[PDB]
Amino acid sequence: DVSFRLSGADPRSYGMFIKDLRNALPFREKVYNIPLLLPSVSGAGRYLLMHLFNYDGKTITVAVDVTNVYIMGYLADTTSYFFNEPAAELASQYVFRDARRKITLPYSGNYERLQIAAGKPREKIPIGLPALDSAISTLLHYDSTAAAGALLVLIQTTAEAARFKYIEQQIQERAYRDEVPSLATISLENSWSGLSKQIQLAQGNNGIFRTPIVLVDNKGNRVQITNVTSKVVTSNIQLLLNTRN
Ligand SMILES: Nc1ncnc2c1ncn2[C@@H]1O[C@H](COP(=O)(O)O)[C@@H](O)[C@H]1O
Ligand SMILES: *[C@@H]1O[C@H](CO)[C@@H](O)[C@H](O)[C@H]1NC(C)=O
């Protein structure tokens, strides 16, 4: 398992938590020095448990698919909550068995459906470590509309930060003050499957992307990524989704 405590949190402890979340994900090889996530894991081993504690020491346990860093559901006290999608239904066969009751949220866990339920796109929702405290508090007792926003904060401050050094650094800048995500934060979130695919294909194409990927850079400018010498590949991306997925 992995754990993060908001009480006493600073940019250093959060960065060490995200390094620890990355290291909890199994891999057999690296492609251009980046861990390649597994094509599949059978049974309970598919799910990492992530314990998160708010400023006040109250806690949820978050179930994460280690093949794709997808958040499936979470346990709050005696009640488990899972997204309304088949992968989270399957997760609920393996995690949070002792929960007194299991709520299926009235949305899947993808951004389009969470944004509809929250009533706001990601662009308009402040993220940071305070926002993560607020998200944990929200999730401890059920409120489906409030939960969708909290889950958007949770996904971006854990899974997205695991996938990209830049996003980890953005949340470190927000350790004490929430701010809406940068243009580049949104671009990288949207681009992870695409970048993962192109970096795998570049092995067998001399480090050249079969299809260039358009991103927004840290200056807010559109850039075309064509090969593995790009800073997005040499420093930013931290995990590759397996092309099988
Ligand atoms: N439950 C989730 N857990 C982890 N990452 C998610 C989750 N939901 C959405 N994402 C991320 O958001 C993107 C969903 O597709 P899209 O809305 O088209 O950008 C993916 O790239 C995910 O990395
Ligand atoms: C490869 O990417 C680097 C860094 O982004 C860039 O300077 C270079 O022009 C690219 N090479 C080709 C042939 O596109």
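Rules used throughout
- Residues numbered from 1 in each chain as written, not as in the entry; some residues may be left out.
- Chains lettered and ligands numbered in written order.
- Heavy atoms only, no water.
- Domains from an automatic or database assignment.
- Contact = heavy atoms within 4.5 Å.
- Salt bridge = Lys/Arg side-chain N within 4 Å of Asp/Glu carboxyl O.
- Polar contact = N/O pair within 3.5 Å; in protein donor to acceptor, adjacent residues only side chain to side chain.
- Helix = DSSP H or I, 4+ residues; strand = E, 2+ residues; numbered from the N terminus.
- Buried < 20%, exposed > 50% of the residue type's maximum accessible area, 1.4 Å probe, protein only.
- UniProt positions renumbered as here; feature names shortened; annotations may be inferred.
- Near = heavy atom within 4 Å.
- Areas by Shrake-Rupley, 256 points an atom, 1.4 Å probe, with all protein chains shown as cover.
- Nonpolar A, V, L, I, M, F, W, Y, C, P; charged D, E, K, R; others polar.

A. Here's a closer look at the domain arrangement of the chain. For the chain, the assigned domains are domain 1 (1–162) and domain 2 (163–245). Using C-alpha coordinates to define each centre, domain 1 is positioned 20 Å away from domain 2. On the domain 2 side, the residues contacting the 38 residues of domain 1 number 36 residues. With a closest N to O distance of 2.8 Å, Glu168 and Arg22 form a salt bridge. Across the contact surface, domain 1 and domain 2 share 20 residue pairs in polar contact. Listed by contribution, the elements that provide at least two residues to the side of domain 1 that touches domain 2 are α1 (11–23), β3 (34–37), α4 (129–140), α5 (144–157) and α6 (159–163). Top element by residues in the side of domain 1 that touches domain 2 is α1. It accounts for five residues.

B. Here's a closer look at the side chain of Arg174. On the secondary structure map, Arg174 appears in the loop between α7 (165–173) and α8 (183–202). Judged by relative accessible area, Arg174 falls into the buried class, the value being 3%. Discounting residues that sit within four places of it in the chain, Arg174 has contacts with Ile127, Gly128, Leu129, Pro130, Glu179, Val180, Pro181 and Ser182.

C. Region of interest: the environment of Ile199. Structurally, the position occupied by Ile199 is in helix α8. For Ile199, a relative accessible area of 0% translates into the label buried. Residues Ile199 and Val228 lie 29 residues apart in sequence; the distance between their C-alpha atoms is 6.8 Å. In contact with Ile199, other than residues within four places in its own chain, are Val31, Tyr32, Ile34, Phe209, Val233, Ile237 and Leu240.

D. Spatial organisation of the UniProt feature "active site" in the chain. When the UniProt feature table is mapped onto this chain numbering, "active site" sits at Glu160. Within the secondary structure, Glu160 sits in helix α6. A residue is classified by how much of its surface remains accessible, and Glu160, at 2% relative accessible area, is buried. Among all residues touching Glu160, those that are not within four sequence positions of it are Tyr111, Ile155, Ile167 and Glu189. In terms of polar contacts, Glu160 uses its side chain to reach the side chain of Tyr111, at 2.5 Å.

E. Main features of the side chain of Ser196. Tracing the backbone through its elements, the reader meets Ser196 in helix α8. Here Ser196 falls in the buried class, since its relative accessible area comes to 0%. Separated by 2.7 Å, the side chain of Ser196 and the backbone oxygen of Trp192 make a polar contact. In this view, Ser196 contacts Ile237, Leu239, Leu240 and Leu241; residues no more than four positions away in its chain are not counted.

F. Structural view of the site of ligand 1. Inspection of the region around ligand 1 gives 13 residues, with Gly109, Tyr111, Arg163, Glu189 and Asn190 positioned closest. Note that an oxygen atom of ligand 1 is positioned 2.8 Å from one of the backbone N or O atoms of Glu189. In this structure, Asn190 approaches ligand 1 through a side-chain N or O atom, which is 2.7 Å from an oxygen atom. Calculation on ligand 1 without its partners gives an accessible area of 490 Å², and the protein chains cover 84% of this total. At the level of secondary structure, the elements contributing two or more residues to the shell around ligand 1 comprise β6 (70–76), α6 and α8. The leading source of residues in the shell around ligand 1 is α6, at three residues. The class makeup of the residues in the shell around ligand 1 is seven nonpolar, three polar and three charged. Three or more residues apiece are contributed to the shell around ligand 1 by two domains, here domain 1 (1–162) and domain 2 (163–245).

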